[PDB]
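Let me begin by presenting the structure, written as structure tokens, before commenting on it.
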Amino acid sequence: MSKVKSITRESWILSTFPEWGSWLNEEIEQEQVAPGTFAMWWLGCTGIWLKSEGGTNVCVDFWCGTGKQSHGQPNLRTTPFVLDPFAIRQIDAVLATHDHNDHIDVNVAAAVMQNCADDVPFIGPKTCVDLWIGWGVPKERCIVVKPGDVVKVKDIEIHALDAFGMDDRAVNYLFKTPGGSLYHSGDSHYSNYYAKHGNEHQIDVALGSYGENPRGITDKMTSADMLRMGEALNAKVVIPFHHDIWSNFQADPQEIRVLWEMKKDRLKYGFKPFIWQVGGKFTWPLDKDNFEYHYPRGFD
Amino acid sequence: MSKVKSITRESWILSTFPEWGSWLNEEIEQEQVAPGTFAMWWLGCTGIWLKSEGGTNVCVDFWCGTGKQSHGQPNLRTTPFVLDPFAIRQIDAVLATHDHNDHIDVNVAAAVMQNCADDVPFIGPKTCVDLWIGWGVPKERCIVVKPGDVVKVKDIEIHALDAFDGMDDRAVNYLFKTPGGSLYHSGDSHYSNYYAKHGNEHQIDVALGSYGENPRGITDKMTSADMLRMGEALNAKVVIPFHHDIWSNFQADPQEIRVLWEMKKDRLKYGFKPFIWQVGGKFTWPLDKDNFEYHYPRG
Amino acid sequence: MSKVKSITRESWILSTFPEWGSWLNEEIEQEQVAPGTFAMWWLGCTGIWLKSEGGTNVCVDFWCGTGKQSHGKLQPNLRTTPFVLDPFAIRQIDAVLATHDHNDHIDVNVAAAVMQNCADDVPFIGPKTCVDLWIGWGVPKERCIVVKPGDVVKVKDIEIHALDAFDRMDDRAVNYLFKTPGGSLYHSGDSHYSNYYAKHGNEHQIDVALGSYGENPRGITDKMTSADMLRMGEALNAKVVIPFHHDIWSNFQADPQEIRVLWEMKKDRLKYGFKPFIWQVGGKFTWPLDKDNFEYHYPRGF
Amino acid sequence: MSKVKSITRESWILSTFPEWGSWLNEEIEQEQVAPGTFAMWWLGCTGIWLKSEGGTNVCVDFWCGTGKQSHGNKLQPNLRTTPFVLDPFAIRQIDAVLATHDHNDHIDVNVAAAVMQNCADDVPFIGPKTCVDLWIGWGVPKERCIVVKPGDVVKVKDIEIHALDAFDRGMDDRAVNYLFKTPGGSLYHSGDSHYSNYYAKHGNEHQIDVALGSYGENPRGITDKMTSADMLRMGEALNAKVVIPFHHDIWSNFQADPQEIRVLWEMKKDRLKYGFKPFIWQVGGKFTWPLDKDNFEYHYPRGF
Amino acid sequence: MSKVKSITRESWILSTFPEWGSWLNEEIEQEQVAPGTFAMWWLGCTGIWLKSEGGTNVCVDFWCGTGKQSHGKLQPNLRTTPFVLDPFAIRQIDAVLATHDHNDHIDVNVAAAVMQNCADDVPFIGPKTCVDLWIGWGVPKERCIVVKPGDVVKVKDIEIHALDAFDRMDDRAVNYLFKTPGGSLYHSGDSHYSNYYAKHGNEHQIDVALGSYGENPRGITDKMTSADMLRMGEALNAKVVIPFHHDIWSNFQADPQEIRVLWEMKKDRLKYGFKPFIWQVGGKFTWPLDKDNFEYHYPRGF
Amino acid sequence: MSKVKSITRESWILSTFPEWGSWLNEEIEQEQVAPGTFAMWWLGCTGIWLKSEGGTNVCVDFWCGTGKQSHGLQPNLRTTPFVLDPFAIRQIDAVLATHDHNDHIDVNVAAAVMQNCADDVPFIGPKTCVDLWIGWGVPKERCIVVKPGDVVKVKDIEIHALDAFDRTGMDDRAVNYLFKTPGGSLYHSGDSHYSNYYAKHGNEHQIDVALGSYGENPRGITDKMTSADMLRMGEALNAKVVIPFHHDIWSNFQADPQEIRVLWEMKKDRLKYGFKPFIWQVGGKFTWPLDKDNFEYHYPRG
């Protein structure tokens, strides 16, 4: 019968996707996080897997949908899939910052629900818990959080903070590990309340939604805002994310670096920028002065 | 059933992939290429779809595989799938530069065989048709080409030139001469002085070169400096890197090409400009020749 | 009598200030704006003098106050720009405008000077909050025109379009668009960035656009970033984008080159249809003559 | 009676100027200069206030005039583009007044008047012959004046002031350069000297920490200020650790971009093994040696 | 005997030097200068060869000496440029010019070569002191033309203007302005910066300007800085500013890219009407064909 | 008799050339190389003089010819003067050549050493180079043939012969040299193209300073390494300093070494480069490890 006639569309898709298979699922599993450090992976968009030195695995904003698949905004997904949600086994908590599509996913929920411990909590704002319950997540499996709330997941202390009434909609997270803290801001705009968090907490690595806003739209932070956030949070490292995912929001992360160079001495910036790549790993504090990530080029 | 129980790995995949669905298939179909111009789309890696003013569609090196999927060379595919091969309907020729896995695809051949006219030729070197016939493509739909051969597909005249990856059976370079202009496809060739031969013998408007960051001890992709040397030798007006998008381990900054060009262009009287493309994006010769950098539509 | 004994603090101040004397007052008065063009002067902060081809003289946000003069609210805001125009030397004027009631935009001494030295013909134009200041200061209500987004005021050659302001509403602040036969000028006052710049860019033709720029202190959002300046120019579909307000406050001192560098990186990819322009206080701009200049420099002589 | 009807031109001027009021006067007075350091303030043009660790206050080239105020009709279009950061009439604590040369921009009758009325009986006026002559004429008693030639040393409380050679394009009676040696470091004030090879002489003979040079964009057909490349050559010649441009702030027609110095420095520093860094100051701003020597660019206090 | 045993130091030298041989000699002779243009060659240091459309050949500041050849003019000055032109291969010439008497500009071996090889009529034009040296070396006084600032010497279709120099006078140093039908060339010899460049720019139409460039050692001023190179271009109202002299001495090694970088920062703000141009020794320049190239490269062949 | 008639072409040449005379010859023998260091000089092209802490003198690929001297066949003209006089060489311990190409071997240098130096100084190179040396008259007994793998000890300098790299067996024609001294090592690649086997040399040996043949390739020619290649070689060799040479000698191959620096500034952090580039000048000195961080060389200024 030959191959050019026995092959169907379904047979191609289901043997090719996701792009990375379970390579990163395995890498995360095999990672031994040294004392005094923490490890994290960029999962696309605002998705971050976080692993403390105690071995605690935390997943925040992991999204596995796509953009426009037909003509029937031109938002097309420009990043591949680095992590297979259905290959996830070890997990200690699933988190969401807000209920916007790019941040919360049914497939991630379904995957965890089928394959993981009947004990893994789904942590998010009221509207996210609402959205989870509707997909079939039991209410007892959910932890509703609002600004001020502190959730202890093993050695990872999760602080829910203000995002920019709205206490139902969105939160920012500060992940306190024994090796360092991670600030995750979701799809938030720039707010002066970043400075409040910088005054009340020690923040090491800060993540913020970067992207090129189309004419007449403001949904992402600019290159200048990225630096203002780093200054306000008193961070040591500022990493842009979210700029990877959408065709129409395609942005140059180098803008952040160039402005940083111009402003760092005059404004006494106490942080460095760092340009990540999707699927890539970051280790605090080992990678803090690196500036630019590159994938493993080969073992050799 | 709740969605956390009904959804499986397989249904999620069939719902999400390819990422772009048929969006680009539809855009390529709707594209009215104006006289004196040609349109093309970057399909990932060295994959190029070309459409001339006469509506002639051509697909070169369209690869739909992936890199490593498990730990059981750490090459991971870093490019999403912008085109659905099984959505292809209008096509006049399928082309391959060489037999290397990243340039010839069974699923693409299967898709064209199932959905397109029994008139569409499969053009490539001897090693390529051997794979095609082996997969079940009729020997009658394949055309074997070697350096020097010229094939006519509607208004697009395809010139098979020397490749720089015995040899002649394995790999060729293509020069697609349309009425609107010409395109040079170098596949995965290394740098060669014989680019000067092509630039001397042929009018070359746009040129594509395999670009990437070579790992320590490996030479497989052209450097930023070689990209500009290729442009000079081919006497092109636009130089566009490709291939740098696909493999994680070869991740390269195409801005190096621009920076070197800014330093060298006046001194060396460069007749071309560099262009930084994005996968899934369109390029129109000659309208986009001075754009320097591609941005996706913003809406 | 010796000079070290005859000189008093008041005698020094009265012969030195304002720094430029009536130099700019003279230059503006004698400037003959060519047909098909308009002339413009930066008066510090967001203060702008505009002169049409028909000789219409319009003044916006002219501020003549200063910052802190002693240690004893909180903020160490010190005026870092000299006084380029003498308000009490203003003679030929057609309209006096203000974007909002904020300190740096509405001035008692400028109003007083106009009342004492200019024609009773000259209208004071601004939002409800601004006229409430003017009336309470001594400007008669018949001289004032209250404006809102949508309102159009014709002053001889110049047509003034009051548009939506994005200060943080309609009683508090307005943006201005000045239509002259030579071209248009967008004055955004002290507005933060908003998407409605695109609205104004769609409905109106905008040639030159001014935006409040500055280096925001930690935990403050009061001025626009260098990136926002480029977004404003894109949304307004302007041909020239010019920062201002970054001159006036010590603690808001910014680098206008930041805008140029970001522009160079973006211009091709984003297809920017405008150029940035770095201006200097007391300086002149002539649309469209100076649109491709990039940077202003004061007259050098010789 | 309404404000509009009562306010005059004089009442506005007298309640607005000088722009900074007495803010900087108070800051200087309150400033506690740490041992091993010296504090310093840019007063505009080439005006420098210097305060040593022992509390000694020194005022150099302080100028409180302005440029053109009207047209009239030949002359250059010089408009003062710097505000007034310091009120001369609010000066109380001072140990010495100095001038580099007799030029209009470097010596001020109103500053002299203010000091004579408000300050101590024994505060000296240090300068070359011609500045002393000018001072004496204004009514400054001559017993309060100290004439200095290149070579002379004047010990004012805590600060050893060395009078050195100044440069044009005779001279000893017209202009001098100052090297201020404090227990916390040394300051080289070159006034409005054009570049000269004898900067190497002062660099060889003296330890110089901070160097100030008159920078500016010279108009076509004029050479009055030093270029950007000149500024770096001065730093190398003086063997300084910090090089700060001044004088570029004051005149509209001499508007210069200080970043020009930084860029050239980045191009030349390693090849020529420069032992200094440039520093871009702002008028009214404080500098502290050696704490700020690596800062590159000044910014005014921002607050919260 | 074998090659290893027979070869002498002196024979090798004669076989090897000058480096370029007669390559540039042949190139200059064969050069068909198009109407409305002029050709130019950099001979090293301040040495220039000019050729008008009529075929008139003029040679300025050609010097064939070298620096220190041993340890034992008391500092390490090594010649860092090869010899691109052989003076003892020169045939056609219509004038020999020198700007001043200092060792690096006037040369005995060149003067001798023109007398021995080149035809009669050929004048030696220079200031008073250079004439004393030519006569002192054995050039007939009938062949020497003494020039002061203000003198005009016509050499076929080339009109030579002797202007003021700015070394360290009138008898000692002159600057030249060469007027050809194709264009003009300003040659400033070894002059430092002066305000009188503006005088020449007002009175004459200057196309190409050459100035002595170099990195001044500590405590020495002998060459112009990159910034002064730009001030000269502005003063002369040139269209093209080309640095020379920076090639010759090891201790003066300079980066002409400084001129370009400073130009990119000032061009717009200061409205420069010229372009910088980085040449290479032995290189050719064609006004106005090359005025926008920015940088020179030697021919590459193939 | 006049000085103008006495002078001949020969008198000029034999008094002016070589340009540097014996300046560098004296400096080399004067040099006191410190313990834990090595010093080296750039003799033009790929010519390197290396001097150990023990006073061992090594001379690699010293060339003293020139390019084209007449038109009547690429236009390759020598753009570098002569810094070292071969006939002033006295103290020498070994003479080395990497391959038999014209630009890397010289009869006059061989002749000079034969005549003026000790009778036990070996001539080291691949067999194609000794065939040339014997053919010129050097006794076969004083010649050491090398292949990749061979190690030759010359005092405290351990000389490793490694694989050289041609594009399109070869061990007869070309080798690469790794010079191991007690104070550090030096990798000299000769005129090799880029190769993957630089990584083999990097893993097996400890390499401090690396030298690569740089230059601008003409259209349709691949003879020199690109700027990007220079960086790749540094990474492969695991070097700490990467220095380009060869780019100096030919007019047609004129290149800008700053490209290597700029590309390095873009790549260094992303790729974790353990080396940094160094721009040398011909005749200059390099001291490892003292000058490893200098980035750019400048000639002594005095």
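We name chains A, B, ... following the order of the structure tokens; residues begin at 1 in each chain, and ligands are numbered from 1 as shown.
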
Query raised in the report: After fitting chain C to chain E over all Cα atoms matched in order, what RMSD is left?
Result: 0.4 Å

Go through chain D residue by residue and, counting only C-alpha atoms, keep those with an atom at most 12 Å from chain F; for each kept residue give the shortest atom pair and its distance in Å to one decimal, ordered by chain and increasing number, as a Markdown table.
```
| residue | atom | partner | partner_atom | distance |
| --- | --- | --- | --- | --- |
| D:266 | CA | F:295 | CA | 12.0 |
| D:267 | CA | F:296 | CA | 10.1 |
| D:268 | CA | F:296 | CA | 9.3 |
| D:269 | CA | F:296 | CA | 9.7 |
| D:270 | CA | F:294 | CA | 5.9 |
| D:271 | CA | F:296 | CA | 5.0 |
| D:272 | CA | F:298 | CA | 6.9 |
| D:273 | CA | F:294 | CA | 8.2 |
| D:274 | CA | F:294 | CA | 11.4 |
```

Requested in this report: Could the residues of chain D within 6 Å of chain A, counting only C-alpha atoms, be given as a VMD selection string, please?
Outcome: chain D and resid 295 297 to 299

Query - Nearby residues (only C-alpha atoms) at most 9 Å from region 277-280 of chain A, same-chain spacing under 3 positions excluded, as a list in words - result: residues 20, 24, 40, 41, 42, 43, 44, 45, 79, 80, 81, 82, 83, 241, 244, 292, 293, 294 and 295 of chain A; 78 of chain B

Those residues you just picked out, can you put them in a file as a PDB file, in the first residue's frame with N, CA and C atoms?
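Everything below was put into part_32.pdb:
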```pdb
ATOM      1  N   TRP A  20       8.707  19.170  21.675  1.00  0.00           N
ATOM      2  CA  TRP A  20       9.807  18.745  22.537  1.00  0.00           C
ATOM      3  C   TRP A  20       9.577  17.383  23.177  1.00  0.00           C
ATOM      4  N   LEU A  24      11.895  17.996  28.242  1.00  0.00           N
ATOM      5  CA  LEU A  24      11.951  18.933  29.358  1.00  0.00           C
ATOM      6  C   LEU A  24      11.256  18.386  30.604  1.00  0.00           C
ATOM      7  N   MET A  40      14.515  27.170  37.658  1.00  0.00           N
ATOM      8  CA  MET A  40      13.259  27.432  36.971  1.00  0.00           C
ATOM      9  C   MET A  40      13.370  27.280  35.455  1.00  0.00           C
ATOM     10  N   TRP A  41      12.241  26.974  34.824  1.00  0.00           N
ATOM     11  CA  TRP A  41      12.167  26.813  33.380  1.00  0.00           C
ATOM     12  C   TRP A  41      11.072  27.695  32.785  1.00  0.00           C
ATOM     13  N   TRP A  42      11.358  28.273  31.622  1.00  0.00           N
ATOM     14  CA  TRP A  42      10.372  29.057  30.893  1.00  0.00           C
ATOM     15  C   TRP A  42       9.549  28.111  30.032  1.00  0.00           C
ATOM     16  N   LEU A  43       8.236  28.119  30.249  1.00  0.00           N
ATOM     17  CA  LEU A  43       7.325  27.182  29.586  1.00  0.00           C
ATOM     18  C   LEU A  43       6.535  27.830  28.445  1.00  0.00           C
ATOM     19  N   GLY A  44       6.957  29.023  28.039  1.00  0.00           N
ATOM     20  CA  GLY A  44       6.233  29.806  27.043  1.00  0.00           C
ATOM     21  C   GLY A  44       5.288  30.773  27.724  1.00  0.00           C
ATOM     22  N   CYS A  45       5.067  31.922  27.083  1.00  0.00           N
ATOM     23  CA  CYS A  45       4.154  32.957  27.581  1.00  0.00           C
ATOM     24  C   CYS A  45       4.551  33.426  28.991  1.00  0.00           C
ATOM     25  N   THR A  79       5.607  30.491  19.575  1.00  0.00           N
ATOM     26  CA  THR A  79       6.480  29.626  20.370  1.00  0.00           C
ATOM     27  C   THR A  79       5.992  28.176  20.364  1.00  0.00           C
ATOM     28  N   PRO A  80       6.926  27.215  20.224  1.00  0.00           N
ATOM     29  CA  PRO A  80       6.543  25.804  20.265  1.00  0.00           C
ATOM     30  C   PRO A  80       6.173  25.327  21.678  1.00  0.00           C
ATOM     31  N   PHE A  81       5.861  24.042  21.797  1.00  0.00           N
ATOM     32  CA  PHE A  81       5.524  23.449  23.078  1.00  0.00           C
ATOM     33  C   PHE A  81       6.730  22.709  23.651  1.00  0.00           C
ATOM     34  N   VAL A  82       7.255  23.233  24.754  1.00  0.00           N
ATOM     35  CA  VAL A  82       8.474  22.709  25.369  1.00  0.00           C
ATOM     36  C   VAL A  82       8.199  21.663  26.450  1.00  0.00           C
ATOM     37  N   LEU A  83       6.976  21.656  26.972  1.00  0.00           N
ATOM     38  CA  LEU A  83       6.601  20.738  28.042  1.00  0.00           C
ATOM     39  C   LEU A  83       5.273  20.070  27.718  1.00  0.00           C
ATOM     40  N   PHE A 241       9.236  38.184  30.035  1.00  0.00           N
ATOM     41  CA  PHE A 241       8.518  37.078  29.401  1.00  0.00           C
ATOM     42  C   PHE A 241       7.202  37.567  28.788  1.00  0.00           C
ATOM     43  N   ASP A 244       7.183  36.347  23.734  1.00  0.00           N
ATOM     44  CA  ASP A 244       7.520  35.222  22.874  1.00  0.00           C
ATOM     45  C   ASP A 244       6.313  34.678  22.120  1.00  0.00           C
ATOM     46  N   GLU A 292      22.549  36.985  28.809  1.00  0.00           N
ATOM     47  CA  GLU A 292      21.854  36.307  27.715  1.00  0.00           C
ATOM     48  C   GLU A 292      21.983  34.796  27.835  1.00  0.00           C
ATOM     49  N   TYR A 293      20.839  34.118  27.774  1.00  0.00           N
ATOM     50  CA  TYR A 293      20.779  32.661  27.797  1.00  0.00           C
ATOM     51  C   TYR A 293      21.105  32.074  26.424  1.00  0.00           C
ATOM     52  N   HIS A 294      21.722  30.898  26.425  1.00  0.00           N
ATOM     53  CA  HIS A 294      21.815  30.074  25.228  1.00  0.00           C
ATOM     54  C   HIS A 294      21.511  28.627  25.600  1.00  0.00           C
ATOM     55  N   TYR A 295      20.833  27.911  24.703  1.00  0.00           N
ATOM     56  CA  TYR A 295      20.550  26.484  24.888  1.00  0.00           C
ATOM     57  C   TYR A 295      21.854  25.696  24.916  1.00  0.00           C
TER      58      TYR A 295
ATOM     59  N   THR B  78      12.754  24.541  17.797  1.00  0.00           N
ATOM     60  CA  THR B  78      12.415  25.793  18.470  1.00  0.00           C
ATOM     61  C   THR B  78      11.451  26.651  17.653  1.00  0.00           C
TER      62      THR B  78
END
```

Requested in this report: For residue 111 (chain F), work out the shell of residues within 9 Å, counting only C-alpha atoms and skipping chain neighbours fewer than 3 positions away, then give it as a ChimeraX atom specification.
Outcome: /E:3-8 /F:86-87,106-108,114-116,136-138

Report task. Would you kindly report the residues of chain B within 8 Å of chain A, using only C-alpha atoms, as a PyMOL selection string? Result -> chain B and resi 2-5+7-10+12-14+16-23+26+65-71+73-74+76-81+86+106-107+109-111+113-114+135-137+215+248-251+295-299

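With distances taken over only C-alpha atoms, E:257 is the one residue among E:250, E:257, E:286, E:92 lying closest to chain B.
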
**Report entry** Spatial neighbours of residue 238 (chain A), 7 Å, only C-alpha atoms, chain gap at least 6 places, as a ChimeraX atom specification
**Finding:** /A:205-207,230,271-274

Under the rule of at most 6 Å, produce a per-residue listing of chain C near chain A: chain, number, name, the closest pair of atoms, and the distance in Å, as CSV, using only C-alpha atoms.
```
residue,atom,partner,partner_atom,distance
C:195,CA,A:216,CA,4.5
C:198,CA,A:216,CA,5.1
C:218,CA,A:232,CA,5.7
C:219,CA,A:192,CA,4.5
C:220,CA,A:192,CA,5.7
C:235,CA,A:215,CA,5.6
```

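The protein and nucleic acid residues lying at most 7 Å from region 253-259 of chain B are residues 224, 225, 274 and 276 of chain B; 263 of chain F, with only C-alpha atoms considered and sequence neighbours fewer than 5 positions away removed.
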
Requested in this report: Using only C-alpha atoms, find which residues of chain B lie within 9 Å of chain C and jot them down as a ChimeraX atom specification.
Outcome: /B:290-295

Quick one: write out the picked residues with N, CA, C and O atoms as a compact mmCIF listing (two decimals), in the first residue's frame?
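Listed below is the output, again30.txt:
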```txt
# COMPACT_ATOMS: atom_id res chain seq x y z
N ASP B 290 14.02 47.00 1.38
CA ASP B 290 14.71 47.98 2.23
C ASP B 290 14.14 48.01 3.65
O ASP B 290 14.44 48.92 4.43
N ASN B 291 13.33 47.01 4.00
CA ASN B 291 12.65 46.98 5.29
C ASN B 291 13.53 46.60 6.48
O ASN B 291 13.17 46.86 7.63
N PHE B 292 14.68 45.98 6.19
CA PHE B 292 15.67 45.56 7.20
C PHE B 292 15.22 44.45 8.14
O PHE B 292 15.95 43.48 8.37
N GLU B 293 14.02 44.59 8.69
CA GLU B 293 13.47 43.65 9.67
C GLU B 293 11.99 43.41 9.43
O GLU B 293 11.22 44.35 9.23
N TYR B 294 11.60 42.14 9.47
CA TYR B 294 10.20 41.75 9.36
C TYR B 294 9.51 41.84 10.71
O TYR B 294 10.04 41.37 11.72
N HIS B 295 8.33 42.44 10.72
CA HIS B 295 7.42 42.32 11.85
C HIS B 295 6.13 41.68 11.36
O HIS B 295 5.70 41.92 10.23
```

Requested in this report: Looking only at helix (DSSP H, G or I) from DSSP on the backbone, list the matching residues of region 84-288 of chain B as number ranges by chain.
Outcome: B: 85-87, 106-115, 126-135, 195-201, 224-233, 248-250, 255-264

Report task. Determine, counting only C-alpha atoms, which protein, DNA and RNA residues have an atom within 12 Å of an atom of region 126-132 of chain F; residues of the same chain fewer than 4 positions away are not included. Present the result as a PyMOL selection string. Result -> (chain E and resi 3-4) or (chain F and resi 61+95-102+104-107+110+122+136-150+161-164+170-177)
